[PDB]
2 protein chains.
Amino acid sequence: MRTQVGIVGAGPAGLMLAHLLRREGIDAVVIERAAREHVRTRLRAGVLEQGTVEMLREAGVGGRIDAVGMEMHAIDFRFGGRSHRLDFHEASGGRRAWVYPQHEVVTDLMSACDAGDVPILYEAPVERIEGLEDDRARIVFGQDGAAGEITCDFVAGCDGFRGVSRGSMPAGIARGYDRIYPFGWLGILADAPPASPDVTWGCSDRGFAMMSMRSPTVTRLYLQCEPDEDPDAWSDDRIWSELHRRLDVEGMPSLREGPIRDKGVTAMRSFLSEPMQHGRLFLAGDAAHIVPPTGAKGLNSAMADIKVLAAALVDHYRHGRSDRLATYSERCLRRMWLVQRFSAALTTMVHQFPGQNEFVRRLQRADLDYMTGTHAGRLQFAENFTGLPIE
Amino acid sequence: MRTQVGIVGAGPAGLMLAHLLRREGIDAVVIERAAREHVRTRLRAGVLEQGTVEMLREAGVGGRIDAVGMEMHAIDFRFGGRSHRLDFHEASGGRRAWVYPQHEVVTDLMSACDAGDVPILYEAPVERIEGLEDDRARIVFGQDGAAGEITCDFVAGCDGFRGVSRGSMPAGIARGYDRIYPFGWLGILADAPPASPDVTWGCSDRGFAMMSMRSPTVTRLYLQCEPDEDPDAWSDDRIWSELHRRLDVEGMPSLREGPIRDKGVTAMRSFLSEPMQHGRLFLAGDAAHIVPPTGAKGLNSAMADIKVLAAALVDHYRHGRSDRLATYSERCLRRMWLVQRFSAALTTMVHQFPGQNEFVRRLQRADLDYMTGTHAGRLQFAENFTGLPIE
Ligand SMILES: Cc1cc2nc3c(=O)[nH]c(=O)nc-3n(C[C@H](O)[C@H](O)[C@H](O)COP(=O)(O)OP(=O)(O)OC[C@H]3O[C@@H](n4cnc5c(N)ncnc54)[C@H](O)[C@@H]3O)c2cc1C
Ligand SMILES: Cc1cc2nc3c(=O)[nH]c(=O)nc-3n(C[C@H](O)[C@H](O)[C@H](O)COP(=O)(O)OP(=O)(O)OC[C@H]3O[C@@H](n4cnc5c(N)ncnc54)[C@H](O)[C@@H]3O)c2cc1C
Ligand SMILES: [Ca+2]
């Protein structure tokens, strides 16, 4: 009930922070609203930036990703009826990404926290965060009709976009930047080995599509769809038909069809909240900012926030310096606004906007041509996709 | 009344083509709707790409660029209260730009067309163009209720955005891409020395402003204004006061004030029409495409179209090959869509859009931070501003 850092949310951001604080001897308690089996079994794809992989390695939780993490070097941007394999490994001078599912990361982080005796309260939704300028902050929650409270020097808000920590900021201090895109992603799993080994984007004018490897025998496929789209309106035949039209090009093998599983719709939205700290409250991850998943930046941005947050807390407790805590939001926001810039730039380029001005629509092809066909375009994509530096 | 290439419009595009075809022994006739002095002094500003400068020198009309012109190595992007000098000379690996106004270019091309006996009919608006799919094309012009006619092998549509050649293509051929921006430019000429040795862009949240330098004595200044702004609503002191607010930064010399001579409101519009040819008609310059002047691309695009058109025509009359004429629209539209992309990107970054989504508006600063603060950002701006390859 008394700790140094109270961590709201046992997602990737919260578990990584608790793991980093434990190895530094800083005490922390994680409070999660969902059941432990629900957090682990929440499946989601995962493209990790190199900085994220190095962060997991150096924290002693990179053994499994170094064992089976699939190194990723290129994206096949398909448009104009042709392939455009952008080798961002070459274009970034040796930096790359790793295909490693997010549910594997949390499983690795949950194992590290469990092995480290990190207290994690599950099925205990936080109801209030108070005392942000008091001697100690108070995390009010309830487990099963019984209310609880964690007292802590600092509250790390790692409770995601729909958590409570962002709303716990003072109203006169918080400011939001919100943009919802007029489309969603229809995601499926296909029981068929992928056609090509590269992550493949269909960026033609019939709509956005994406093809990636979920496993050696399962393909992950996305289709741009209406924002409020019912997955029942998409039969298997319609899905494969639209997937063929948006992805197939001459000179490349046709799409591998198979039984479709796990049909779902995900939203597309850019949101950022300022500041990311006030008093004893520090926001990180989706609690402070979300991006359209086009650039695979959300989890990597969360890990970047935690990297800065963990170091600042170590400087406070271990070295008696509070200036790094005071610059947490400042440094995280600089990187995150460039991440927001990159995720939006990809989203507005590869998706079809209903009723969009025809000149702006044609600029999408012009942006695709320049990004893939010029050294400057390939350079900017490579450095952003593999991960911007962390301050 | 009979020539080889009938040129519609005596702007920089039409004059440059008439001179180039004359240097190679090809006969041409220019038909201008306005007076001679009106065309010469229509626009008293302009920045030239390096490729445009070399083209003028190799054509024999670029001897005055060293004296009258102003060579550029950097632009001072001012925002957030600070200067950000982007040295596009170093970033592009040696390429640069020149401040050489359009009224100086036209005077040079008028001299060459005069010194080479190029027939130019002024105050004779072209009314109709026919025979594009016949063995010979006809240009029907008029003057005081008097119809004239000019027969030619090919028609060069260089009559600008308000011209008639773009509408001369058969029904269903032409397709237009049009996007208007919700602001205009209030441009002035001032008898005041430049406050800094570099062309300065004011990317303020009050609106865009620019300080260009005609000479060490005169300054060219632009202000973002309402699209149909009444220049009468902008007194001298209001202009200087707003220019101070959008340009002055601490630590840099303040803007100098002086007598204001030129003053006018110009629109901000992106337009491009496809194709740039049909049979014996060939469009060049503003007749086929206009951009917002944010990136100094209109004239340079017109000179890029003429360089391809003059080469294809010389290849036709000298070697009997129409292969380059058949690919004129193909190659010109390839470069122009990248030029449209760069002109739109700068325009949507540096101007304030009323009622804009807050996230998108804040991305303007993110785009400004990346363009000036990263090697990848500077490289892309440098190569684009100094001029893309023409091919
Ligand atoms: C389809 C898709 C694909 C993606 N692909 C990628 C990719 O390739 N690469 C990448 O880097 N990112 C990717 N992302 C983004 C990434 O998944 C998210 O950014 C990431 O989940 C953020 O983690 P987080 O810990 O900050 O938030 P979350 O993962 O949402 O964790 C928040 C946790 O807090 C808990 N919680 C909520 N409210 C409370 C409360 N009141 N009290 C207590 N606990 C609470 C939640 O139950 C949850 O466990 C993708 C996202 C989507 C949707
Ligand atoms: C404020 C401003 C700043 C600019 N700055 C730059 C810059 O820095 N760099 C740059 O490269 N560009 C710049 N531009 C763009 C540049 O001025 C134009 O793109 C350029 O004038 C295009 O040349 P053109 O010959 O194709 O068209 P025009 O210059 O418009 O020539 C067309 C000619 O045809 C004539 N004509 C029209 N209709 C007919 C008809 N029916 N019959 C006969 N004749 C006809 C017109 O009278 C005119 O003389 C700027 C433009 C503006 C408005
Ligand atoms: Ca108290």
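All chains are named by letter (A, B, ...) in the order of the sequence lines, taking the proteins before the strands, and each is independently numbered beginning at 1. No hydrogens, no waters, no symmetry mates; every other heavy atom, side chains included, goes into these values.
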Do chain A and chain B have donor-acceptor pairs under 3.5 Å, and which are they?
unit_1, atom_1, unit_2, atom_2, d
A/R175, NH2, B/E358, OE1, 3.2
A/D178, O, B/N357, ND2, 2.9
A/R341, NE, B/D367, OD1, 2.7
A/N357, ND2, B/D178, O, 2.9
A/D367, OD1, B/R341, NE, 2.5
A/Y370, OH, B/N384, ND2, 3.0
A/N384, ND2, B/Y370, OH, 3.2

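Applying the side chain to side chain contact (heavy atoms under 4.5 Å, CB included) test to A/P182 and every residue at least two apart in sequence or in another chain returns A/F353, A/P354.
The part of B/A344 that comes within reach of chain A is its side chain, from C-beta onward, which places non-hydrogen atoms under 4.5 angstrom from that chain.
A/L338 and B/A366 get closest at one heavy-atom pair: CD2-O, 3.7 Å.
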